[PDB]
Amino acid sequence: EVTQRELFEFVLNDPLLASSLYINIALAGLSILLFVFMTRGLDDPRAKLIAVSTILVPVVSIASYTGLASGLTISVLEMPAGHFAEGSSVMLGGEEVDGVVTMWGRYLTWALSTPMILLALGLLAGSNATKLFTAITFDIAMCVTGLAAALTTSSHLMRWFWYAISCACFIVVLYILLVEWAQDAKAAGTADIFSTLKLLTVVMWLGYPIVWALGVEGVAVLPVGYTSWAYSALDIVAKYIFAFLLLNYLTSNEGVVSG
């Protein structure tokens, strides 16, 4: 029933929500331009592979935020019986509607942006193909099951079941980052930079499942405008500054990553 235009207007009209989305369209767009400029001097192909994979992070991100701000990837869903937010209402302009604002566009595009973060990080750490494959596949599985959790309205139980399965996929990714690649990085001569990015990645990434559980999709203690800003803040660090730091290093150590 709810129109895309109505969701687009819902975002606008709500300063918190609007700012969380439009600021990242601008920041993601500025990042891409800055990163392209920063790596214009690279010559080595492997270094260039790391740079492109990294640049695709804000490319996917600017598209993701446009999808959310435009209302294309947002829906109003009614939570199942027992859910902390069942019976909630949203109100579009002058009409009130049952349900909560489900910004599934975030969970959907993470399946594209997070694999690129992992690919760049893995290559930076000199990972073999087997570990890259494992990290990336389970990362995608994590994102898609999380998406499924948000989209499930039939049962409150099923929603948290999806969430658990997603967490299990998340532990695999964490294992490879904290255990496997931390070791490979030393052998690749990138331990230093990897430690900084590994710590950043693990701490920031742990924040998403927390925000999800506290927002309307979970226990509903945080308003939609708050949960959104929390994700955008995480994105600013997990994506943009994370990419700046990686590329700043790459442009200064092109030779070490070459092989």
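Don't overthink the numbering: it's just position in the shown sequence, from 1. Whichever C-alpha set is largest while still superposing within 1.5 Å between the two forms counts as the rigid core.
Rigid core superposition in 8 other deposited structures of this protein puts the Cα atoms of one stretch, out of 82-90 and 137-145, farther from the shown form on average, and that stretch is 82-90. Farther on average from this form in 8 other deposited structures of this protein lies stretch 102-110, the comparison being between 102-110 and 122-130 by RMS Cα distance after core superposition. Taking the mean C-alpha B-factor of each stretch as recorded, 158-166 and 79-87 are not equal, and the higher mean is that of 79-87.
As the entry records it, the average C-alpha temperature factor is higher for 97-105, out of 67-75 and 97-105. Residues shown: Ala148, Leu92, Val173, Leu112. Highest C-alpha temperature factor in the entry: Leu92. The deposited CA B-factor of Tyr226 belongs to the highest third of values across its chain.
The deposited CA B-factor of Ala182 belongs to the highest third of values across its chain. Annotation for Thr190: CA B-factor lies in the highest third of the chain's modelled residues. In the deposited entry, the Cα temperature factor of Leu200 places it in the middle third of its chain's modelled residues. Among the modelled residues of its chain, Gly41 has a C-alpha B-factor that falls in the highest third according to the deposited record.
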